[PDB]
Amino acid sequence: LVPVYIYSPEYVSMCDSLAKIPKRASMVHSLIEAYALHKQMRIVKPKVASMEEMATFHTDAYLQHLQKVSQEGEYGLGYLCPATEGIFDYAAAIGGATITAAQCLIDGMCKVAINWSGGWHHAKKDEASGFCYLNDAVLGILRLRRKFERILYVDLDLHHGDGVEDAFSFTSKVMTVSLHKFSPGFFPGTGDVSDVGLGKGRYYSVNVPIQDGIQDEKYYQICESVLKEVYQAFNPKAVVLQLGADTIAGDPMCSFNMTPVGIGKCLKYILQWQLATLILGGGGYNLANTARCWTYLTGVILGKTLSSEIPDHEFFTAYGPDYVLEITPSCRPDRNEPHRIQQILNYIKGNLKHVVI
């Protein structure tokens, strides 16, 4: 019935410590609360993932090493994933939160479960990557598999959801769809349209490479085109949706030129399928804009229209100088040639023809 909102004071305090997005969790929760949206959701405390729960995907060797280094502060713990004190605990908290959301969906407690602090899509079974030390999305998908036969993973973060795609590269039980920037030197470097999965999983991986400057209209046209085909061919029983906000105009990633409205249209399209849906966050480095985005998306989920004026709350000053919920696109050029986008969409349409349930 009402959406499940994964939250607890302890969980947010933990997430707030993440070095790349300091206090972002509190900002997001704070704005959602200022709009009184929590009163329309079922608040559920997340559990902490146990070593064995994390091991449903990650290797013991990796988890044991992560735990060891987290104690002092060849597993990818380099420049992007430094071994800081307590990182194992922060990771287990987020993995546990996504698993908890998955469990709520399986129990039929709700049709939609939200963990805005999740979405660490780059982590591999035995390697940390791109600020991600644990892949909570994979953990949630594996939990959902207990109830739902086919799971669709959709990743709208600016970056390719390589960790999730790789985890399920060889299977047809989980289809991964990622829309992302694909350019020379842009992390992680994978996900061209020709990347369709491997072996029994061939054609069960979908990738839409996009160039700088994409805006809401074209982005939704692409997303609707792909998801329509995906739904028809794959007939998913549940969905895990990653909504990293690093695609939003104003993000220091300076790549895409989206607004929450565009991402909201993609979300609505998925919500109309009326399937169990696990909602996750992800990237988003302009903190106030990420809070604006996810708060607006929470409103979309609840079917509510929010006031344009940012309500007074703990982080009010961060929304200056205009203090409004809407985000204005930049004047950066759209580098996406219509013909190339059309080619990409047709290539994908053709690939999905190979998918038959």
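Each residue number is its position in the shown sequence, starting from 1.
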Query raised in the report: From residue 73 to residue 74, how many deposited residues does the entry skip: none, 1 to 3, 4 to 9, or 10 or more?
Result: 4 to 9
Report task. State which stretch shows the higher mean Cα B factor in the entry: 75-83 or 224-232. Result -> 75-83
Query raised in the report: Taking only the CA atoms, which stretch has the higher mean B-factor in the record, 239-247 or 105-113?
Result: 105-113
Query raised in the report: Looking at 127, 165, 157, 136, which has the biggest Cα B factor in the entry?
Result: 127
Query raised in the report: Against its chain's modelled residues, does residue 57's Cα B factor rank lowest, middle or highest third?
Result: middle
Report task. Could you look up the Cα B-factor of residue 49 in the entry and say which third of the chain it sits in: lowest, middle or highest? Result -> middle
Query - CA B-factor placement of residue 340, once the chain's modelled residues are sorted into thirds - result: highest
Requested in this report: Divide the modelled residues of the chain into thirds by Cα B-factor and specify which third, lowest, middle or highest, holds residue 6.
Outcome: lowest
**Report entry** Third assignment of residue 292 from its chain's C-alpha B-factors
**Finding:** lowest
